[PDB]
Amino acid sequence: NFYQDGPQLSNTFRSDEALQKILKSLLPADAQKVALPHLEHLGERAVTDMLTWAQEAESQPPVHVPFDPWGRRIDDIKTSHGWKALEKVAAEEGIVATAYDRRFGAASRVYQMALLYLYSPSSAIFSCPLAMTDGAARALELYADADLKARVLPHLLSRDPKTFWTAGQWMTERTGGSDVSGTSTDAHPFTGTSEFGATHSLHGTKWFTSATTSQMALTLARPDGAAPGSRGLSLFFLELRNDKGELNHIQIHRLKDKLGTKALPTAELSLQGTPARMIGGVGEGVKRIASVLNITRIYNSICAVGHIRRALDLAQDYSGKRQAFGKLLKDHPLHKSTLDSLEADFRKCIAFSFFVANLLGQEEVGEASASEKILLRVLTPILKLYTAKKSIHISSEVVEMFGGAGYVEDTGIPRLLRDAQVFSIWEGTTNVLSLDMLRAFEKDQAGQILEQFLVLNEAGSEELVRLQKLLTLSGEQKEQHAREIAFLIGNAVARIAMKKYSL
């Protein structure tokens, strides 16, 4: 008799007025001429072939096969065809490469982040490998010798699926992930054959990694003569496999069985003499990898806001199809008010995100003012923790908006919450990033540069007045209030950005 119609998606570029308004403000005419048709195309893929491949990957999670039938240690990771297909899309659509083709100045990074914004929610979180790939490319561009750059960058930035590499970023060990000072991976001097000029061999265990689907990784290790703690750490480049395709003295222990991001392989592994090449100098590892973090944290933000948009698209569509007590849900004043509130949060998030992406683009093309560089540094952790918390809140409300159906996995709706919860954890928790914000304040007059910016652009906001009072408090009291400070700034900046983009 009666059966409920479930939610349906529509082209994600055409359905997103906020994104279109933002790009009209941030993209110059020559950029729009190329970007808008590309984006409209990607928006179509997001609800057609990508959507199916993502569903396929989520329904067939990766499997570790440590041994072949005759006892050879192979450490294969079996993935779905859909997962492999989503990697190919990332290459051919230039989801990473677009940022590094800086034809459009600062707008190149904006255009790229718009591609990521459409791609990510339909990628089964392949966007995580892409974040680390982008971060790795920038790090190599900034710090690596010309020969290493010549070998690796054409792969990371390739638009050809056959040559495209992704990178892992292997920073977490059992001792800590927030704090890497306890890193126990040793780097012994290495003299031998290599295809990339390896200088050391690495011995240690990496506790969360993206396993072996990536061709390279960056990691931290402690050379034989180095000091303890963070300043005995150097940055290292390594390749996972040799010519023939066998792992370079890398052993996978197991895959993590995770709350969400289930299509994404996350492994514990051991480096057992893995050949590697030091980048930068002894002791410089932590501060050099800091430029990988800035990019991955802005990826995380954009992916979290794309996730919000996907949850709300499903909720909006359902609200026009589900009836209760005589009315469609969208026509119940309380239900509509809840949706409106979530959409308002979304608008803050997407404006804030692209405001920061623009700042990032400005810095990457050398056109950022001293003030803009400081703003980028302060706002990046704030953006990340802000959009992450919002994406979890919104995903949970959307699960509840579907009622009982929201709690049953074959509707696809519980995944929204399971996946969203990752965003406030990966690349730094709310508290770790709140403290990074407080430490950004202590350098280059950054607290005052932020204050001047807020006074210049919206002196009369309710957030600024409260924020000023908090910023006068003691050191440890500011730490205790660090979250409140972060969200006041995030909200103040979101409002400024929304006005700037006419949202």
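Sequential numbering from 1, following the sequence displayed.
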Practice task
Using only the Cα atoms and their B-factors as the entry lists them, report which of 221-229 and 300-308 averages higher.
Solution key: 221-229
Fill in the blank from the handout: When mean C-alpha B-factors in the record are compared for 272-280 and 122-130, the larger belongs to 272-280
Handout entry: Candidate residues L314, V408, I95, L142, the one whose C-alpha B factor the record puts highest
Key = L142
Completion exercise
Top Cα B-factor in this entry, restricted to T429, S210, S395, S337, sits on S210
Handout entry: Lowest, middle or highest third - CA B-factor, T193
Key = highest
Practice task
Grab the CA temperature factor for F236 from the record and place it in the lowest, middle or highest third of its chain.
Solution key: highest
Exercise for the section: Would you mind checking where the Cα B-factor of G43 ranks among the modelled residues of its chain, as the lowest, middle or highest third? Expected result: lowest
Problem - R322 by Cα B-factor - lowest, middle or highest third of the modelled chain - result: middle
Handout entry: Ranked against its chain, the third holding the CA B-factor of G447
Key = highest
